[PDB]
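Backbone-built Cβ (ideal geometry, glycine too); neighbour counts: all protein chains shown. Bear in mind that the values in this text are calculations on the coordinates, not laboratory data.
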Amino acid sequence: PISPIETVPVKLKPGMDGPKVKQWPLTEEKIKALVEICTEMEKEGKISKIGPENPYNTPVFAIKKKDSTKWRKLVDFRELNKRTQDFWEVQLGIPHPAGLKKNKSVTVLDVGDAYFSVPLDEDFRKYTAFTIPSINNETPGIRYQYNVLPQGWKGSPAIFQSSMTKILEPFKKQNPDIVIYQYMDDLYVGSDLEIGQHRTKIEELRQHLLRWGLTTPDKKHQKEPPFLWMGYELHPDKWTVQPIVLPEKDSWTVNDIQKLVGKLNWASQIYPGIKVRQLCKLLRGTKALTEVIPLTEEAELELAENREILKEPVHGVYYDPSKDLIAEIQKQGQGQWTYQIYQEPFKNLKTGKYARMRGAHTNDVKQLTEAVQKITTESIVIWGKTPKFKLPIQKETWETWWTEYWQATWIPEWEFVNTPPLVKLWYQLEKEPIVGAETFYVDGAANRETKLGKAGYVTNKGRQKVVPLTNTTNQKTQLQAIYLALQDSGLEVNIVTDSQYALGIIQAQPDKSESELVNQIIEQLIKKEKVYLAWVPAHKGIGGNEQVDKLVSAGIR
Amino acid sequence: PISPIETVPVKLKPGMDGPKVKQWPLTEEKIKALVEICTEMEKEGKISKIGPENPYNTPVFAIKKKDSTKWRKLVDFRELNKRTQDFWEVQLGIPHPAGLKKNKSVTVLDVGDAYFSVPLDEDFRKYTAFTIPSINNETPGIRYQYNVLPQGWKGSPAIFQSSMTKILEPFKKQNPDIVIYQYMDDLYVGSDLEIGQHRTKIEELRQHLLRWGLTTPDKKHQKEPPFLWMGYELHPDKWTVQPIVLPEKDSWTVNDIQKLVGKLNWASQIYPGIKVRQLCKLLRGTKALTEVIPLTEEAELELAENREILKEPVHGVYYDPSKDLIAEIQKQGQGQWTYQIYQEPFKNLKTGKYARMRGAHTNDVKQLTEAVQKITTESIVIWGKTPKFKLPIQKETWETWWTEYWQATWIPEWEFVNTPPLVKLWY
Ligand SMILES: C[C@H](Sc1nc(N)cc(Cl)n1)c1cc2ccoc2cn1
């Protein structure tokens, strides 16, 4: 049929005219097929004969259906879609199974010939005009226009889902207990009723839809879970991902590692512990898709654990609105974080992992906070409320980091949970100068045209070194000079730098970086017992600064 | 509300199209609050559902009045206000009295509900489309557009300007020394009267409003008085600038003086006249940071004279009505926050502070949102425009929590910066 529902008014983008593409010559076979197809559509209202100078035209084709059983009419709307107004998005998101409440019965029904069952705004039909050519373009040709939603048109998905929402409203109101989800052609219907009263209510729905131009399956329902939707396997009782299977082959091409990494990332939302760090490292560097990549030891091991984790099936439970959400985060290898979300201890609703670097220079406390934000945001989308956290960090450690960090930091209600590795700061810069500690006035200059710079220091105890460097930035010499002061230094040391750049990095207590130097400066800082860092303006003849500035700048600087 | 009227025709700034801003995910309780509210506004014809043919979107949120268990709808019209600037800024701009900032008291009254009396040009309604999202994307999500003037759009005060003049007229004529100013949704009323007489004149002004259907209980509905005094009153004439402070210790270590020389050096690119030449004192050579040091005579003078310049209006800086106002906030610790307002870096038009003040809560985001409202409010009083904020926080953490503590009906521009180790130099 053609739903009696009102139509959605539509226009063409501002200051544009309908499409007018020439119809390319078609062979006899393709022509006869198109006629046989259009004629049929013409009998059901889908299309109508036109003619009288409808300047508009869209090219058509016809191709052999699967296995080559029947022809299919292909309408290339590229030109029209461009001249068509923009619409609201059909979906700005996708339900996550874990956010689904537990239901007793669930069946899915697909609307047959969806688009063709919905009228097209009369004032727009004139633009969907196309023509069936006559043999070797001798005579005119048959001309039609659409009366319903065309297959490849820009507005079919939007208008259809919106038409369906209106058609479904009345039924929903009279059935608060029935849950309905629209996904393209499909309509998902669930409830906590009995398979008997459920199928009763189902039929009642088919009828409601039929009174509206929409036909649905009889007992071809395709219902009866498990359902396979968007890579998931939904049961009324639980959920998991489609079955994952790892290749197990001798050599691996880039293409194979990518498919593998994709599968693992997908599995990581219910299967805890999944790691792809070592596997992802191998894809680094522009490599051809067919290139074989030797697996390294780590990779082997990582792939190994993953196979282990995947052997026994795991499922996720559904959401109970009456209980709290508990999220627990564990620290895996450096930078790698994993988490589980449940309501009743260990019956996971969802799983996940966070690794994202987020700028060079960072520390477990900042990463843990970032992981907490991802999870917080995610929870709001899926369940509409934040979870209570369980983190591997002492209330004290957290308290001392938040209170002294320049950035504003909050964190939802949490509790400590002793699950090594625990998170901690690996060193603390002193707030005041260390008395009876050698002071190092470090500095560093560098020639821009040459690149040869000298890094060095001068102490109040008379000591003074100055090593040269090749191919270094003014910034590196400053990071190099601090590195020195820490090396030839005792457990306690006062360092005076004139480099704000260095001050910023070090001052944030980073326990990992991308600069090769910064990682070494971190090792030193850890071995110390007291380190005091202070800053002064460069080139202002400050006491000690100029002293070093001299035997550092001398010779290109 | 008030009778119809030829809808003032509006138009976007050509070369620009309506807003298409994504809706930030909301918590269940806020979503519910919103459908109730929107269901009522619908029954009253304020808004109407719309179809997919409308490609526009402006985000919406829900805040609490003044802890009042009554939710309020907040629409983020920042984008729309930007593509409509021509309209409300030049075409129908509203003047800003310079006297307001000098008043002893300024009471802020919410007059937003008044906008729902007037209808919006039908050809402009499509641009005000917003969307009520749903949990876990389980359903399409209710879409709407306004039929009357919306509350967070700068177009609304502009248009209503005509009515507001008729309404206040009798009150203005009878009280020539009371300053009234309108800034999108709110009315700023100021007088040099004594608190008792002021509060009394505000009551009188509400009676006038009331006759045009503008019941305006202020301070954002006071249903539970914690420290609530009256109806939300500001005291501008007592807003003082925050100077750049120089220590006054009894002992000066090499470190203490090095730090002193640093803050001063920086304070040279701002506050012309500052000098520290006679101050590079004993920091000549290579002494231990510890080693305490005496004090020169030139120094005492240096220090003394510099702090005179600082703690004063940076000679040469003037507000430029055309350029945007920028506000920067630094986290000082212990519930302390410093901020500066300027148009051109380090050329402060104003600096200040904000503290827990024997209250507030251990949430940084909490304090920070409170600081932003305080600063934006002062900015509206003094200049008539809001500043763009450089917030020292993670975009995600902010976007997730700000509405949780927000109470104003406007939203300022904000970008997330990363604070340099300047801090030590408060300003
Ligand atoms: C209407 C049903 S409610 C439902 N509840 C369960 N416990 C299990 C299943 Cl299978 N369905 C539904 C199905 C889907 C599929 C994707 O997103 C959806 C949103 N809602």
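Side notes on the structure shown:
- The mean sequence separation of alpha-carbon pairs under 8 Å and at least six residues apart, normalised by the residue count of chain A, gives a relative contact order of 10 percent.
- Globularity index of the range A:277-383, i.e. its alpha-carbon radius of gyration over 2.2 N^0.38 Å: 1.31
- Rg over Rh for the range A:369-455 works out to 1.21, using Cα positions for both radii and the Kirkwood form for Rh.
- Rg in Å to one decimal, and Dmax rounded to a whole Å, for the range A:123-205 via C-alpha atoms: 20.4, 65
- The mean sequence separation of alpha-carbon pairs under 8 Å and at least six residues apart, normalised by the residue count of the range B:240-316, gives a relative contact order of 45 percent.
- Computed from Cα atoms alone, the Kirkwood hydrodynamic radius reported for the range B:2-87 is 15.3 Å.
- In plain terms, the bigger the Kirkwood radius, the slower the diffusion; for chain A, with that radius from Cα pairs, at 20 °C and 1.002 mPa s, Stokes-Einstein puts D at 71 µm²/s.
- Peptide A:366-372 has a mean of 1 when you count, residue by residue, the C-beta atoms of other protein chains within 10 Å of its C-beta.
- Across the range A:142-158, coupling constants 3J(HN,Hα) worked out from phi with the 6.51/-1.76/1.60 Karplus curve, θ = phi - 60°, read 7, 10, 9, 9, 7, 10, 10, 6, x, 3, x, 9, 4, x, 5, x, 5 Hz, and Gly and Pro carry x.
- Taking all pairs of distinct alpha-carbon atoms in the protein assembly as shown, Kirkwood radius in angstrom: 34.0 Å
- In order along the range B:64-69, the phi-based Karplus estimate (6.51 cos²θ - 1.76 cosθ + 1.60, θ = phi - 60°) of 3J(HN,Hα) comes to 9, 3, 10, 6, 4, 4 Hz; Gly and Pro are listed as x.
- Taking 22 Å as the limit for the C-alpha separation, the pairs A:102/A:350; A:263/A:388; A:540/B:331; B:22/B:323 exceed it in the case of A:263/A:388; A:540/B:331; B:22/B:323.
- Summed over all non-identical Cα pairs, the Kirkwood treatment of the range B:126-237 gives a radius of 17.0 Å.
- Local charge for residue A:254 was computed over the other residues whose Cβ lies under 11 Å away, with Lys and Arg +1 and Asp and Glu -1, and equals +1.
- Each 10 Å bin, from zero up to the one with the longest distance, holds this percent of the alpha carbon pairs of the range B:317-417: 15, 51, 30, 5.
- Pairs of alpha carbons in the range B:31-127 separated by more than 16 Å make up 73% of all such pairs.
- For the protein assembly as shown, with +1 on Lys and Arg beta carbons and -1 on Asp and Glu, the positive-most of B:229, A:51, B:34 along the dipole: A:51
- Cross-link pairs beyond the 25 Å C-alpha cut-off, checked among B:102/B:219; A:431/B:249; A:82/A:259; B:82/B:385; A:451/A:512; A:424/A:454: A:82/A:259; A:451/A:512; A:424/A:454
- Counting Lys and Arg as +1 and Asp and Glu as -1 over every other residue whose Cβ lies under 10 Å from the Cβ of residue A:538, the net charge comes to -3.
- Distance distribution note for the range A:164-240: the fraction of Cα pairs above 14 angstrom is 65%.
- Once the convex hull of all Cα atoms in the range A:320-426 is built, its volume per residue stands at 110 Å³.
- Computed from backbone phi with θ = phi - 60° and the Karplus coefficients 6.51, -1.76 and 1.60, the 3J(HN,Hα) list for the range A:88-95 is 6, 5, 5, 8, 9, x, 9, x Hz; x is used for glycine and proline.
- Here's the picture: a label point sits 7 Å out from the Cα of residue B:334 along the beta-carbon direction, and within the range B:404-427 the residues with their amide nitrogen under 17 Å of it are B:423-427.
- Mean Cβ count within 10 Å, highest first, over the residues of peptides A:434-444, B:174-184: A:434-444, B:174-184
- Environment charge at residue A:492 (Cβ cut-off 11 Å; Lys +1, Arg +1, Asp -1, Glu -1): -1
- Sequence-distant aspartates and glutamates (8 or more away, or on other chains) whose Cα lies within less than 17 Å of residue B:70: B:28, B:29, B:36, B:40, B:110, B:113, B:218, B:224, B:404
- Debye intensity ratio I(q)/I(0), log10, the range A:226-319, q values 0.14, 0.20, 0.25 Å⁻¹ (C-alpha model): -0.55, -0.96, -1.31
- Rounded to two decimals, the Cα radius of gyration of the range B:240-316 over 2.2 N^0.38 Å is 1.12.
- Shielding score for A:95-104, defined as the mean number of other chain Cβ atoms within 10 Å: 2
- Using a cutoff of 8 angstrom between alpha carbon atoms and counting only pairs six or more residues apart, the relative contact order for chain B works out to 15 percent.
- Taking only alpha carbon atoms, chain B gives an Rg to Rh ratio of 1.03, where Rh is the Kirkwood radius.
- Note on the range A:320-426: with charges restricted to the Cβ of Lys and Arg (+1) and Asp and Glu (-1), its dipole about the Cα centre is near 340 debye.
- Crossing angle, helix A:28-42 versus chain A [Cα axis fit, 0-90 degrees, rounded to tens]: 80 degrees
- Ellipticity estimate at 222 nm from DSSP helix runs (n ≥ 4, -39,500 (n - 2.57)) divided over the protein assembly as shown, nearest 500: -9000 deg cm²/dmol
- Volume per residue that the Cα convex hull of the range A:427-556 spans, once the total is divided by residue count, Å³: 98 Å³
- Unit charges on C-beta of K, R, D, E only; dipole of the range B:240-316, Debye: 340 debye
- Simple Cβ-charge dipole of the range B:9-103, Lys/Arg +1 and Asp/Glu -1, about Cα centre, in debye nearest 20: 400 debye
- Among B:422, B:317, B:296 - extreme Cα towards positive end, dipole of chain B, charges at beta-carbon: B:296
- In chain A, taking the dipole from charged Cβ atoms about the Cα centre, the farthest positive-side position among A:69, A:27, A:174 is held by A:27.
- Peptide A:77-89 - average C-beta neighbours from other chains (10 Å radius): 3
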